[PDB]
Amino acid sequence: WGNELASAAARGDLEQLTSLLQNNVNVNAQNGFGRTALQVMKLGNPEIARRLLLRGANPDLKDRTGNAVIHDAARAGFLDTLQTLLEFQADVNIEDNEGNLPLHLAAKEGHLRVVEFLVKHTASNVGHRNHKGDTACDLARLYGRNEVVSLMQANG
């Protein structure tokens, strides 16, 4: 039921997902376009991620662009899902094809709370330079995220 599972997750339909999880399904089964339910999950539904991770969903999977779900969470400012990902051993220092950590993405987009949690409560490598030589703080400054910059240098 890989397709149905992925579909329910993508739609943020917890009810449908949970009923579908009553079957003997492989939560890591790819859908119509090679993506797992966790990968296409509609962010802002941390319980959907939890239920999937609980059943053994692999959080570190990457798409063609080398993007993992935690990358999307951090980039769009969805803290709860990002934390859920971490409580289930997701690699916080996973890099996309450009060498960016979730920290770079959260910093670049100005998501202060996410950056705060990553810098103070995770193993995020704050000094990690991407392939172009930029650290998360560098990108924050480049994009004018002055509050993120202050926060990062404050404690780091």
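Numbering starts at 1 and runs along the sequence shown.
As recorded in the PDB entry, 64 to 72 is the stretch of 86 to 94 and 64 to 72 with the greater mean C-alpha temperature factor. Taking the PDB entry as given, 26 to 34 carries the higher mean Cα B factor of the two stretches 124 to 132 and 26 to 34. For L54, the recorded CA temperature factor ranks within the highest third of the chain's modelled residues. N146: CA B factor in the highest third of modelled residues in this chain (values from the PDB entry). Per the PDB record, residue ranking by Cα B-factor puts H104 in the lowest third of the chain.
When the CA B factors of the chain's modelled residues are split into thirds, the value for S19 lands in the middle one.
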